[PDB]
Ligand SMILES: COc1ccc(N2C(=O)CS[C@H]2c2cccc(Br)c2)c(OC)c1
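Next up: just one chain, as structure tokens, the form deposited without the ligand.
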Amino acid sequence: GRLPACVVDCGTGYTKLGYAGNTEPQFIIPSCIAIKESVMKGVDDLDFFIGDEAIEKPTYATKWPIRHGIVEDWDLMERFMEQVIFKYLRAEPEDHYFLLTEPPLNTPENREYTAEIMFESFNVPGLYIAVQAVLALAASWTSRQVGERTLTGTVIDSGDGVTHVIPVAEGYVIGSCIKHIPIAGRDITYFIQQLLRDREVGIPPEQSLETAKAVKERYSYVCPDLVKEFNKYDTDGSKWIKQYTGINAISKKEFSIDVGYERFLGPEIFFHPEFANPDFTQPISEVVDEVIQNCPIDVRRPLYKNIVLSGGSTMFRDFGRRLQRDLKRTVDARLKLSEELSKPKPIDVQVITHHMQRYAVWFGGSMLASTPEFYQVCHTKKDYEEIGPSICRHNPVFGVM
């Protein structure tokens, strides 16, 4: 068709929208909607806002329709798509095939609910619901480290809420083996927020998070070794201790603080959760090992050779590097004890990093929905009317063969 398909990826925190073919979302807004809440008549249902415009509307309340990657309020979710389509994308829905996404383990019923809204409210001519993890893998094909397309791999998705280690085989997620890690972007901010409180004076209490989030996004990174790192910051503090300056909210004065240790301590809680979580202590490298060992023996190596990153919390400089080194130490040690208790073939561990990691899902969706094959695997409105909403329970995986 002359028109590109619409690609919409609704996440717990942010929703990425745009047109197929493009490399990046045309919009990236908070997954929130603001409404009046103080019976509905007239057009009260249309009186709302979404994204940034909704976060601080004086006389409107902010609601987050999605929790743990799953829609918890369909009324709100549906209104949210009204603006996603008519206000931002400005697409006449009847002329565009849409590609939506869903976290692994979304119930088949939820897909029927989605299809009911898209086909019966917006009358779309075609719909495809892809699982986020699988698009993330597709995205990794943009990397130089990969010369062969494949949808078999371990996806490490870390946003701001929780981190997921999702094993995937031939385009299908191995749900029975998924594991979750209680360490995400937010936790890295709180820890950094704690480190600052014990050292830097002058930070406006009401501006606590602000500064911490700023330090995390501007000066944080992952290091190879904590002592050799602390050692650096002490030997030549001049090169490693950076500075940050913010303005007092209620007095517009100017305050400055030294940004030191937290640069590498924040991201470190992935590999040493015990530093911040009293209830979780497994290093992210051990979770991945466990998940892969819990999977079919015959798919273990392919999984180790293709661990893919996805999400903002994986962007830290050297995240993959530290992960791959740690995973190769745990896996090689195991093979050591074995050989000794007696000679296994060395297992290749490879963490893949690419430029499109931040919004990997949307990018994978955008690239896949730009192909001719996307138009065959989609469920048309004609099949929705004849066979029913149950046809959206499954979406043929495509892109590799």
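For every residue, the number given is its place in the sequence shown, counted from 1. Residues that one form lacks are left out of the comparison. Here, rigid core means the biggest group of C-alpha atoms that superpose within 1.5 Å across both forms.
The discussion below concerns the form deposited with the ligand bound, not included here.
- Using a 2.4 Å cut-off against backbone and C-beta atoms, the ligand, superposed onto this form from its pose in the bound PDB entry, places 3 or more atoms that close, and the site is blocked.
- Shown here without its partner, the chain carries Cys10, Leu100 and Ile129, all of which come within 4.5 Å of the ligand in the bound PDB entry through at least one heavy atom.
- Residue contact with the ligand in the bound PDB entry: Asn110 places a heavy atom within 4.5 Å of it.
- A residue is said to contact a partner when one of its heavy atoms sits within 4.5 Å of a partner heavy atom; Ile307 fails this definition for the ligand in the bound PDB entry, lying far away.
- At a distance threshold of 4.5 angstroms between non-hydrogen atoms, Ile284 is out of contact with the ligand in the bound PDB entry.
- Though the partner is left out of this view, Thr154 does not reach within 4.5 Å of the ligand in the bound PDB entry, counting heavy atoms only.
- Think of it this way: in the bound PDB entry, the ligand has a heavy atom of just one of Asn106, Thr150, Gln193, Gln324 within 4.5 Å, and the residue is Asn106.
- Only one of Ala34, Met367, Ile66, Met356 lies close to the ligand in the bound PDB entry, with a heavy atom inside 4.5 Å, and it is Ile66.
- Annotated contact segment (heavy atom within 4.5 Å of the ligand in the bound PDB entry): 110 to 118, selected among 110 to 118, 202 to 210, 253 to 261, 293 to 301.
- In the bound PDB entry, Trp74, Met77, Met81 are the residues of 74 to 89 with at least one heavy atom within 4.5 Å of the ligand, listed from first to last.
- With the rigid core aligned between the shown form and the other one, only one of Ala184, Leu265, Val71, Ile178 has a CA shift of 2 Å or more: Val71.
- Here's the thing about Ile70 and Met367: their CA atoms end up at least 3 Å farther apart in the bound PDB entry than they are in this form.
- Legend: core-fitted overlay between the shown form and the other one; highlighted is 69 to 71, the single run of at least 3 consecutive residues with CA shifts of 2 angstroms or more.
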